[PDB]
Protein chains: 2
Amino acid sequence: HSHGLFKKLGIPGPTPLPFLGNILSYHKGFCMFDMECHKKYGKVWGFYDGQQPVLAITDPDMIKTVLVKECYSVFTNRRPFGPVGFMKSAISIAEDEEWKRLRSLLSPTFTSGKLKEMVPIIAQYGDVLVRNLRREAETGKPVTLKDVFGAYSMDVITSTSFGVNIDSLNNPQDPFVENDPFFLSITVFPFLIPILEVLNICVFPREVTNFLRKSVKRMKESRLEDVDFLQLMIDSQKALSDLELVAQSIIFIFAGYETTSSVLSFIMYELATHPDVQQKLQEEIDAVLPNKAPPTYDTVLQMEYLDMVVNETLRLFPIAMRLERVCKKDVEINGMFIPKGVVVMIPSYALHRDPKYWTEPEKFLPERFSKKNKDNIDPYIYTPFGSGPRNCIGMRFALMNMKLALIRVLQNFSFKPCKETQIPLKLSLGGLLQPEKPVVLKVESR
Amino acid sequence: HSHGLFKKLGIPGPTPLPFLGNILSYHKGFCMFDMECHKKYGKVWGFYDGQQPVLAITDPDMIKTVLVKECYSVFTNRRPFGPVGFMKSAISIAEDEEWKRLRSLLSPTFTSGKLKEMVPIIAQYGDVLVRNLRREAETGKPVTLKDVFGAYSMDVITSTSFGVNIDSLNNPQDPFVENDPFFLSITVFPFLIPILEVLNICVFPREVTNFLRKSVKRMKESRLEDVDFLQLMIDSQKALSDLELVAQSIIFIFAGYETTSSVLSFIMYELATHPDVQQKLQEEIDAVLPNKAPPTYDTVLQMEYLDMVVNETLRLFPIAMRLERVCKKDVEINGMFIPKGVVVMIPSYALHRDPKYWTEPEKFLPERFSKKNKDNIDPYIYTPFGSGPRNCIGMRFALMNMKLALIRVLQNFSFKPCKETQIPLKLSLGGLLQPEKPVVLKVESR
Ligand code: HEM
Ligand code: HEM
Ligand SMILES: CC(C)(C)C(=O)N[C@H](CS[C@H](Cc1ccccc1)C(=O)NCCCc1cccnc1)Cc1ccc(-c2ccccc2)cc1
Ligand SMILES: CC(C)(C)C(=O)N[C@H](CS[C@H](Cc1ccccc1)C(=O)NCCCc1cccnc1)Cc1ccc(-c2ccccc2)cc1
């Protein structure tokens, strides 16, 4: 049932199987499925995740209506995701007015004013990065980036959100970095989510969160009385609740961990397989920060090829892959009727690799984003941070944390591929925008 | 979990058991449970139907805020009720804007103008009533009212809603009158409703509704081309859908059946155990309609003791027992904070029998509603039809259908109790406002 939806509206798509929908077509991954569907069906198409209708839209005018214009009136939420337990109050999982209050109350945390105050702290573990790096460099052994970056990425979270100062790679024992068949059974059995929920099963392991919950309550009452995300949520509390504040901490911790380290690894793959771009970036760094001067807030925004390199990697590897909004009312946007209940989905990975909006889309060409060519880029085809009132609230912090890392790591080292390095990088066919094989590179000391 | 709700708000109530809530206290019925809770806990209290918090309110100012004032903004819907299938679109089960459109689109059906046109049709089966009655009267055998009334009640539905003219008691074969452990398992297992729904299990037997669905589609396309509820929904179709129209037919059919016949039986019990009121009512009928004149629209509204007798029966037996609204937002009405999610419930049966607002509440005293005493009655303690934008949409049709019946049946007969008649009437301890033993009376010919 409901599988006749798109056949009634005149919207093309793959014919679904009973019960399953189209999820069998996920056998080559989310990204390859969207890329094929765009080629064969066109500007708009639909499919089913179980009994769930999802409408893919690629018209950049209609993407602005969803993500920006009618965000507050029709497209406010993302598709339901459970069982979640007390993480119902996480800002990325909240809906409607509860999100709006959390967005409003958590928004002042990522201002450039606050973000500028994070600069010295993020600059402390950029020095612990180089140090550990040189050590491994001397060992002349190939290096796994996702580890050395993940450790750096956790080092910057603990500090930025709780003031917990750990050298997580050399201090593995302290594991703030505690951090498939299941969810597909959940899409075909959405009727079973209330089964788990009333049993306190949660997609987030209850031992991690119970550790953070009592950890946060220890930091709340230690700093009361005695520059981090917690201080900013502690001074905010309509105001913040105590368990609510525990739920935002977990979102921030992950976001600053996986997203930062995963993107920083993609970047250094591209820089290692395109040495000209690495030398050009290193030339720019030493023209802005000579004598290996330490990056400051104003110097990092001053570096343009750093932004082009960052932006272009995000084009080839937008770690979100898709953006989604639920349609909560009957609506007709840009000449198309969308019924209440449909998940409107923007295929970000596919749009970033569309030969209509990009020349040689499979190529790492940072000049795409040069100041003479960025005016050509449509802001609704290239959405690595989403858009509209529900975009990535940590976009400014993420772009600054990575660039602060890149400047310090490339002021001291240069990265060359290894024989066991995977060229070309084949993406993991699974549900995360990750490499099939972890990224390994040679590292030498300038 | 959630069972600490009313203990956190300072609201009294019975202590719930795990999983079950207070439903074990339903062992003497909905009505006796509310009456006890009002006596022991006061003006406001709370309990749990499973994990569902329900807040009972008896303050008539606060009842106006829920049923009338903040109906459109906070208290628009009744508590979820499933599995229902395609009856999701029934006007009594719809929610928010979908109800508002159906209420607006079905409202012109019950105007006094249309209701006045129903008078001759309802007057045809009032004559089939007397006839069948005299027959049984001659047999000098005690009479079961719920049968002879239910047959009359079905006769008036088929006619009023489809033009199907049947003597349902003498024509049992044609069964438009096709019409517990389950629902209590559903309140403790609300997580299982999606299990049944995705299996097309429906609390309404799928054979009845599939018979009406194709029956309605036969009448729709027979009268297109060729004074009933269907003609009025056929001319209305934002406009009505075809399956939607099938769902409203089923609500109307039942409402006009059970409610009309069940109340008409309670009335004739009271008139038989209070012969003075019966003679006084019969005296009034013959002063307005002499020579057994046929009731017309203007003569029935002209009869006041008929309204007092009708109203008073509804006080002693309000067939709805409770009114309910879901609280869809945090709110503070009349100095009390009600959180999003709580079912606000008005205990109608209990309020009708409160010794604060009624003298000798256990007594059938129609003078309660005499023109000199009705100004004393608070319209929010006495709510046999609810109140506010979501009251009974068929109140006018129901009050006219019964009174049209009463005038014709008492112009020709008088009713006396039998030895097997239950005095006093003990109400069914189950979940419906019905007698424990069906009502039987002697019937003699004037
Ligand atoms: C390379 C790094 C990152 C990328 C590419 C990225 C991308 C995204 C995207 C595409 C969205 C959805 C936007 C939409 O639906 O329109 C999102 C949401 C979000 N991001 Fe990020 N993100 C990154 C890092 C971070 C960081 C460091 C934080 C730190 C707090 C963060 C916090 C969030 C939150 C809380 C949301 C949900 C906000 C809401 O729904 O209101 N992200 N991100
Ligand atoms: C003695 C006869 C009747 C009584 C005492 C009665 C009582 C009630 C009550 C108390 C409600 C709920 C009001 C509220 O929640 O505020 C209701 C709703 C309703 N009644 Fe009746 N009723 C009767 C007969 C009828 C008849 C003949 C119809 C014919 C169509 C009908 C149609 C409805 C409908 C459709 C609703 C739901 C309306 C909505 O929620 O918008 N009822 N009734
Ligand atoms: C933003 C993003 C990820 C696109 C998102 O909105 N995703 C939705 C919401 S859920 C997810 C829960 C969560 C929170 C914290 C830690 C772990 C998990 C969440 O809140 N992310 C935001 C916080 C961190 C962040 C990440 C990226 C950018 N910015 C910030 C749905 C989703 C995600 C994955 C699968 C899925 C994955 C694999 C296999 C099958 C299904 C299925 C559904
Ligand atoms: C108005 C009323 C009844 C108070 C109502 O709103 N009830 C709700 C909604 S459901 C019910 C479905 C329905 C529709 C048509 C035919 C059958 C059933 C419905 O729509 N009624 C309105 C139409 C007819 C009508 C009746 C009375 C007055 N006016 C009109 C919830 C409800 C009812 C009974 C039990 C319950 C009962 C027994 C045991 C356990 C639980 C549990 C929950």
# chains A, B, ... in the order shown; residues from 1 in each chain; ligands from 1
call {"tool": "interface_residues", "arguments": {"of": "chain B", "to": "chain A", "cutoff": "7 Å", "atoms": "only C-alpha atoms", "output": "list in words"}}
result
residues 191, 194 and 195 of chain B
call {"tool": "closest_atom_pairs", "arguments": {"of": "chain A", "to": "ligand 1", "cutoff": "7 Å", "atoms": "only C-alpha atoms and all ligand atoms", "output": "CSV"}}
result
residue,atom,partner,partner_atom_place_in_ligand_line,distance
A:67,CA,ligand 1,16 (O),6.4
A:91,CA,ligand 1,41 (O),5.7
A:92,CA,ligand 1,37 (C),4.0
A:93,CA,ligand 1,40 (O),7.0
A:99,CA,ligand 1,41 (O),6.9
A:103,CA,ligand 1,41 (O),6.0
A:251,CA,ligand 1,35 (C),6.3
A:252,CA,ligand 1,30 (C),4.3
A:255,CA,ligand 1,26 (C),4.5
A:256,CA,ligand 1,27 (C),3.9
A:259,CA,ligand 1,2 (C),4.7
A:260,CA,ligand 1,2 (C),5.3
A:263,CA,ligand 1,1 (C),5.6
A:314,CA,ligand 1,5 (C),6.8
A:318,CA,ligand 1,5 (C),5.9
A:319,CA,ligand 1,5 (C),5.6
A:320,CA,ligand 1,10 (C),5.0
A:323,CA,ligand 1,15 (O),4.9
A:324,CA,ligand 1,15 (O),6.1
A:383,CA,ligand 1,10 (C),6.7
A:384,CA,ligand 1,5 (C),5.0
A:385,CA,ligand 1,10 (C),3.8
A:386,CA,ligand 1,16 (O),3.3
A:387,CA,ligand 1,16 (O),4.8
A:388,CA,ligand 1,16 (O),6.5
A:390,CA,ligand 1,41 (O),4.4
A:391,CA,ligand 1,13 (C),3.8
A:392,CA,ligand 1,18 (C),3.6
A:393,CA,ligand 1,33 (C),5.0
A:394,CA,ligand 1,28 (C),3.8
A:395,CA,ligand 1,23 (C),5.8
A:397,CA,ligand 1,27 (C),5.8
A:398,CA,ligand 1,27 (C),4.3
A:399,CA,ligand 1,1 (C),6.8
call {"tool": "write_last_selection", "arguments": {"atoms": "N, CA and C atoms", "output": "compact mmCIF listing (two decimals), in the first residue's frame"}}
result
# COMPACT_ATOMS: atom_id res chain seq x y z
N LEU A 67 14.33 24.18 1.52
CA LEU A 67 15.35 24.39 2.54
C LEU A 67 15.25 25.78 3.17
N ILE A 91 19.31 18.53 19.23
CA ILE A 91 18.89 19.59 18.31
C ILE A 91 18.70 19.05 16.90
N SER A 92 19.51 18.07 16.50
CA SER A 92 19.40 17.50 15.16
C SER A 92 18.20 16.56 15.02
N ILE A 93 17.62 16.13 16.14
CA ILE A 93 16.50 15.20 16.12
C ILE A 93 15.18 15.87 16.50
N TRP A 99 12.65 22.34 18.32
CA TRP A 99 13.89 22.66 17.61
C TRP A 99 14.14 24.16 17.62
N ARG A 103 17.48 25.63 18.64
CA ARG A 103 18.27 26.37 17.65
C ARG A 103 18.56 27.78 18.14
N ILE A 251 25.60 15.32 20.69
CA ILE A 251 25.60 15.71 19.29
C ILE A 251 26.88 16.45 18.94
N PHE A 252 27.25 17.43 19.77
CA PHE A 252 28.45 18.22 19.50
C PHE A 252 29.69 17.34 19.49
N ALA A 255 29.73 15.23 16.16
CA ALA A 255 29.91 16.12 15.03
C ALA A 255 31.35 16.58 14.91
N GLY A 256 31.87 17.20 15.96
CA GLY A 256 33.26 17.62 15.96
C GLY A 256 34.26 16.48 15.84
N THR A 259 33.01 14.04 11.70
CA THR A 259 32.97 14.93 10.54
C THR A 259 34.32 15.60 10.33
N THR A 260 34.92 16.12 11.40
CA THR A 260 36.20 16.82 11.27
C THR A 260 37.29 15.87 10.80
N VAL A 263 36.75 14.39 7.08
CA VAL A 263 37.02 15.34 6.00
C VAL A 263 38.51 15.65 5.92
N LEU A 314 35.02 19.06 -0.16
CA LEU A 314 33.64 18.90 0.25
C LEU A 314 32.71 18.68 -0.95
N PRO A 318 30.95 15.22 0.08
CA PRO A 318 30.03 15.83 1.05
C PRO A 318 29.52 14.80 2.05
N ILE A 319 30.10 14.80 3.26
CA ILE A 319 29.91 13.71 4.20
C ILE A 319 28.45 13.48 4.59
N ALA A 320 27.54 14.38 4.22
CA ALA A 320 26.13 14.18 4.52
C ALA A 320 25.40 13.41 3.43
N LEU A 323 20.38 15.69 1.94
CA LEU A 323 19.61 16.52 2.85
C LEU A 323 18.14 16.12 2.72
N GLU A 324 17.40 16.21 3.82
CA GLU A 324 16.02 15.74 3.82
C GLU A 324 15.14 16.64 4.68
N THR A 383 25.82 22.18 -1.54
CA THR A 383 25.31 22.34 -0.18
C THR A 383 25.97 21.34 0.76
N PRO A 384 27.28 21.49 1.01
CA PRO A 384 27.94 20.59 1.98
C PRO A 384 27.52 20.85 3.42
N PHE A 385 26.88 21.99 3.70
CA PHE A 385 26.40 22.32 5.04
C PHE A 385 24.89 22.55 5.05
N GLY A 386 24.19 22.07 4.02
CA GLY A 386 22.78 22.36 3.90
C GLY A 386 22.59 23.84 3.58
N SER A 387 21.38 24.31 3.87
CA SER A 387 21.06 25.72 3.68
C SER A 387 19.79 26.01 4.46
N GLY A 388 19.49 27.29 4.60
CA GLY A 388 18.29 27.71 5.28
C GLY A 388 18.41 27.62 6.79
N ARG A 390 17.85 25.57 8.94
CA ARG A 390 18.25 24.30 9.54
C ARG A 390 19.54 23.76 8.94
N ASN A 391 20.42 24.64 8.48
CA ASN A 391 21.71 24.23 7.94
C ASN A 391 22.58 23.72 9.09
N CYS A 392 23.84 23.41 8.78
CA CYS A 392 24.77 22.99 9.81
C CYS A 392 25.07 24.17 10.73
N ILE A 393 24.69 24.03 12.01
CA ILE A 393 24.94 25.10 12.96
C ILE A 393 26.42 25.20 13.31
N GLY A 394 27.20 24.16 13.02
CA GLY A 394 28.62 24.18 13.31
C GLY A 394 29.48 24.37 12.09
N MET A 395 28.94 25.01 11.05
CA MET A 395 29.69 25.20 9.82
C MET A 395 30.91 26.09 10.05
N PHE A 397 32.50 26.75 12.91
CA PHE A 397 33.46 26.08 13.77
C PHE A 397 34.19 24.96 13.03
N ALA A 398 33.48 24.24 12.16
CA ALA A 398 34.11 23.15 11.42
C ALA A 398 35.12 23.68 10.41
N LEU A 399 34.75 24.72 9.66
CA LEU A 399 35.65 25.26 8.65
C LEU A 399 36.89 25.87 9.29
call {"tool": "select_by_dssp", "arguments": {"residues": "range 316-436 of chain A", "states": "strand (DSSP E or B)", "output": "ChimeraX atom specification"}}
result
/A:322-326,331-333,336-338,343-347,384,386,413-417,427,435
call {"tool": "write_last_selection", "arguments": {"atoms": "N, CA, C and O atoms", "output": "CSV table (one decimal), in the first residue's frame"}}
result
chain,number,residue,atom,x,y,z
A,322,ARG,N,23.0,13.3,1.6
A,322,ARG,CA,21.7,13.8,1.3
A,322,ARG,C,21.2,14.8,2.3
A,322,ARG,O,21.6,14.7,3.5
A,323,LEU,N,20.4,15.7,1.9
A,323,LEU,CA,19.6,16.5,2.8
A,323,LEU,C,18.1,16.1,2.7
A,323,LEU,O,17.7,15.7,1.6
A,324,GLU,N,17.4,16.2,3.8
A,324,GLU,CA,16.0,15.7,3.8
A,324,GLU,C,15.1,16.6,4.7
A,324,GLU,O,15.6,17.2,5.7
A,325,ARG,N,13.9,16.8,4.3
A,325,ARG,CA,12.8,17.5,5.0
A,325,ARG,C,11.5,16.7,4.9
A,325,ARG,O,11.2,16.2,3.8
A,326,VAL,N,10.8,16.6,6.0
A,326,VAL,CA,9.4,16.0,5.9
A,326,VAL,C,8.5,17.1,5.5
A,326,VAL,O,8.6,18.2,5.8
A,331,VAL,N,1.0,20.7,-0.3
A,331,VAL,CA,1.6,21.9,-0.7
A,331,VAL,C,1.9,21.8,-2.2
A,331,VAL,O,2.0,20.7,-2.8
A,332,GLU,N,2.0,22.9,-2.9
A,332,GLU,CA,2.4,23.0,-4.3
A,332,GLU,C,3.5,24.0,-4.4
A,332,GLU,O,3.3,25.2,-4.5
A,333,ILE,N,4.8,23.5,-4.5
A,333,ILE,CA,5.9,24.4,-4.6
A,333,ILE,C,6.4,24.2,-6.1
A,333,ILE,O,6.5,23.1,-6.6
A,336,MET,N,4.6,22.0,-8.5
A,336,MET,CA,4.5,20.5,-8.2
A,336,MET,C,3.8,20.3,-6.8
A,336,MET,O,4.2,20.9,-5.8
A,337,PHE,N,2.8,19.5,-6.8
A,337,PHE,CA,2.1,19.1,-5.6
A,337,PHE,C,2.8,18.1,-4.8
A,337,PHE,O,3.0,17.0,-5.3
A,338,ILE,N,3.1,18.4,-3.6
A,338,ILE,CA,3.8,17.4,-2.7
A,338,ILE,C,2.8,17.2,-1.5
A,338,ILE,O,2.4,18.1,-0.9
A,343,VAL,N,8.9,12.5,2.4
A,343,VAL,CA,10.2,13.0,2.7
A,343,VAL,C,10.8,13.6,1.5
A,343,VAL,O,11.2,12.9,0.5
A,344,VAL,N,10.9,14.9,1.5
A,344,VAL,CA,11.6,15.6,0.4
A,344,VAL,C,13.1,15.5,0.6
A,344,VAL,O,13.6,15.9,1.7
A,345,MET,N,13.8,15.0,-0.4
A,345,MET,CA,15.3,14.7,-0.3
A,345,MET,C,16.0,15.4,-1.4
A,345,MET,O,15.7,15.3,-2.5
A,346,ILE,N,17.1,16.1,-1.0
A,346,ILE,CA,18.0,16.7,-1.9
A,346,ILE,C,19.2,15.8,-2.0
A,346,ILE,O,19.9,15.6,-1.0
A,347,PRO,N,19.5,15.3,-3.2
A,347,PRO,CA,20.7,14.4,-3.4
A,347,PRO,C,22.0,15.2,-3.5
A,347,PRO,O,22.5,15.4,-4.6
A,384,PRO,N,27.3,21.5,1.0
A,384,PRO,CA,27.9,20.6,2.0
A,384,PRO,C,27.5,20.9,3.4
A,384,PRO,O,27.8,20.0,4.3
A,386,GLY,N,24.2,22.1,4.0
A,386,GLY,CA,22.8,22.4,3.9
A,386,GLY,C,22.6,23.8,3.6
A,386,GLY,O,23.5,24.5,3.1
A,413,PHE,N,55.2,19.5,7.5
A,413,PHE,CA,55.3,18.2,6.8
A,413,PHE,C,54.8,18.3,5.4
A,413,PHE,O,54.1,19.2,5.0
A,414,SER,N,55.2,17.3,4.6
A,414,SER,CA,54.6,17.1,3.2
A,414,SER,C,54.3,15.6,3.1
A,414,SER,O,55.0,14.7,3.6
A,415,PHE,N,53.2,15.3,2.4
A,415,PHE,CA,52.6,14.0,2.4
A,415,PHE,C,52.7,13.4,1.0
A,415,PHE,O,52.2,14.0,0.0
A,416,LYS,N,53.2,12.2,0.9
A,416,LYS,CA,53.4,11.5,-0.4
A,416,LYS,C,52.7,10.1,-0.3
A,416,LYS,O,52.7,9.5,0.8
A,417,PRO,N,52.1,9.6,-1.4
A,417,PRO,CA,51.4,8.3,-1.3
A,417,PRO,C,52.4,7.2,-1.1
A,417,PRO,O,53.6,7.3,-1.3
A,427,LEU,N,35.1,4.6,-2.7
A,427,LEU,CA,34.3,4.9,-1.5
A,427,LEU,C,33.7,3.7,-0.9
A,427,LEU,O,33.4,2.7,-1.7
A,435,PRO,N,36.0,5.9,3.1
A,435,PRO,CA,36.7,5.1,2.1
A,435,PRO,C,36.5,3.6,2.3
A,435,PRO,O,36.2,3.2,3.5
call {"tool": "residues_around", "arguments": {"residues": "residue 130 in chain B", "least_positions_apart": "6", "cutoff": "9 Å", "atoms": "only C-alpha atoms", "output": "mmCIF file with C-alpha atoms, in the first residue's frame"}}
result
data_model
loop_
_atom_site.group_PDB
_atom_site.id
_atom_site.type_symbol
_atom_site.label_atom_id
_atom_site.label_comp_id
_atom_site.auth_asym_id
_atom_site.auth_seq_id
_atom_site.Cartn_x
_atom_site.Cartn_y
_atom_site.Cartn_z
ATOM 1 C CA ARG B 408 -46.267 9.471 18.338
ATOM 2 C CA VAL B 409 -45.678 6.539 20.705
ATOM 3 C CA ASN B 412 -51.359 5.958 21.333
ATOM 4 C CA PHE B 413 -49.892 3.918 24.218
#
call {"tool": "residues_around", "arguments": {"residues": "residue 160 in chain B", "least_positions_apart": "3", "cutoff": "7 Å", "atoms": "only C-alpha atoms", "output": "count of residues only"}}
result
5
call {"tool": "select_by_dssp", "arguments": {"residues": "range 232-362 of chain B", "states": "helix (DSSP H, G or I)", "output": "PyMOL selection string"}}
result
chain B and resi 232-236+242-273+275-288+290-292+297-300+304-316+348-352
call {"tool": "write_last_selection", "arguments": {"atoms": "C-alpha atoms", "output": "compact mmCIF listing (two decimals), in the first residue's frame"}}
result
# COMPACT_ATOMS: atom_id res chain seq x y z
CA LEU B 232 -26.20 16.53 0.92
CA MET B 233 -22.69 15.04 0.87
CA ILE B 234 -23.01 14.34 -2.86
CA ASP B 235 -23.78 18.01 -3.62
CA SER B 236 -20.99 19.19 -1.31
CA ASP B 242 -15.43 9.50 -2.52
CA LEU B 243 -13.95 7.24 0.18
CA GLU B 244 -14.19 10.12 2.66
CA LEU B 245 -17.93 10.18 1.98
CA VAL B 246 -18.10 6.44 2.70
CA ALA B 247 -16.44 7.03 6.07
CA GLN B 248 -18.92 9.71 7.17
CA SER B 249 -21.85 7.47 6.27
CA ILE B 250 -20.67 4.87 8.78
CA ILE B 251 -20.37 7.42 11.60
CA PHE B 252 -23.84 8.80 10.86
CA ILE B 253 -25.41 5.34 10.60
CA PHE B 254 -24.13 4.28 14.01
CA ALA B 255 -24.77 7.59 15.78
CA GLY B 256 -28.38 7.71 14.63
CA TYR B 257 -28.74 4.03 15.63
CA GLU B 258 -27.28 3.25 19.03
CA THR B 259 -27.52 6.72 20.54
CA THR B 260 -31.13 7.30 19.48
CA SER B 261 -32.41 3.87 20.51
CA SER B 262 -30.41 3.67 23.75
CA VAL B 263 -31.67 7.05 24.99
CA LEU B 264 -35.27 6.39 23.90
CA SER B 265 -35.14 3.24 26.04
CA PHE B 266 -33.83 5.07 29.13
CA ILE B 267 -36.62 7.65 28.72
CA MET B 268 -39.43 5.10 28.61
CA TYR B 269 -37.99 3.37 31.68
CA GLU B 270 -38.20 6.65 33.59
CA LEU B 271 -41.68 7.44 32.26
CA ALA B 272 -42.88 3.96 33.27
CA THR B 273 -41.46 4.17 36.81
CA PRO B 275 -46.38 7.54 35.82
CA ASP B 276 -47.19 11.09 36.92
CA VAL B 277 -44.59 12.45 34.49
CA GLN B 278 -46.00 10.23 31.74
CA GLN B 279 -49.56 11.45 32.24
CA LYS B 280 -48.29 15.03 32.42
CA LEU B 281 -46.33 14.58 29.20
CA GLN B 282 -49.32 12.90 27.52
CA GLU B 283 -51.53 15.77 28.69
CA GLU B 284 -49.14 18.24 27.04
CA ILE B 285 -49.02 16.24 23.79
CA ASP B 286 -52.81 16.26 23.44
CA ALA B 287 -52.96 20.00 24.19
CA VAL B 288 -50.51 20.73 21.36
CA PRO B 290 -55.27 17.18 19.57
CA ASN B 291 -57.21 14.38 17.88
CA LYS B 292 -53.82 12.62 17.73
CA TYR B 297 -41.47 20.69 13.13
CA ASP B 298 -43.08 23.70 14.80
CA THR B 299 -45.29 21.71 17.18
CA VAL B 300 -42.46 19.58 18.58
CA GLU B 304 -41.62 22.14 26.85
CA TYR B 305 -42.25 19.27 29.29
CA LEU B 306 -41.06 17.11 26.39
CA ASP B 307 -37.75 18.99 26.54
CA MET B 308 -37.56 18.78 30.34
CA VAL B 309 -38.20 15.03 30.23
CA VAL B 310 -35.65 14.61 27.43
CA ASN B 311 -33.05 16.80 29.13
CA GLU B 312 -33.43 15.15 32.53
CA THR B 313 -32.97 11.63 31.15
CA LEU B 314 -29.77 12.83 29.48
CA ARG B 315 -28.63 14.12 32.88
CA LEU B 316 -29.11 10.72 34.50
CA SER B 348 -19.75 14.12 32.29
CA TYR B 349 -21.54 11.26 34.05
CA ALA B 350 -20.03 12.31 37.38
CA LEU B 351 -20.70 16.04 36.98
CA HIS B 352 -24.34 15.30 36.13
call {"tool": "residues_around", "arguments": {"residues": "residue 84 in chain B", "least_positions_apart": "5", "cutoff": "8 Å", "atoms": "only C-alpha atoms", "output": "list in words"}}
result
residues 197, 201, 202, 203 and 204 of chain B
call {"tool": "residues_around", "arguments": {"residues": "residue 215 in chain A", "least_positions_apart": "5", "cutoff": "10 Å", "atoms": "only C-alpha atoms", "output": "PyMOL selection string"}}
result
chain A and resi 162+209-210+220+246
call {"tool": "closest_residue", "arguments": {"among": "A:90, A:402, A:240, A:303", "to": "ligand 3", "atoms": "only C-alpha atoms and all ligand atoms"}}
result
A:90
call {"tool": "atom_distance", "arguments": {"atom1": "CA of residue 362 in chain A", "atom2": "CA of residue 434 in chain A"}}
result
16.6 Å
call {"tool": "residues_around", "arguments": {"residues": "range 27-29 of chain B", "least_positions_apart": "3", "cutoff": "8 Å", "atoms": "only C-alpha atoms", "output": "list in words"}}
result
residues 23, 24, 32, 33, 429, 430 and 431 of chain B
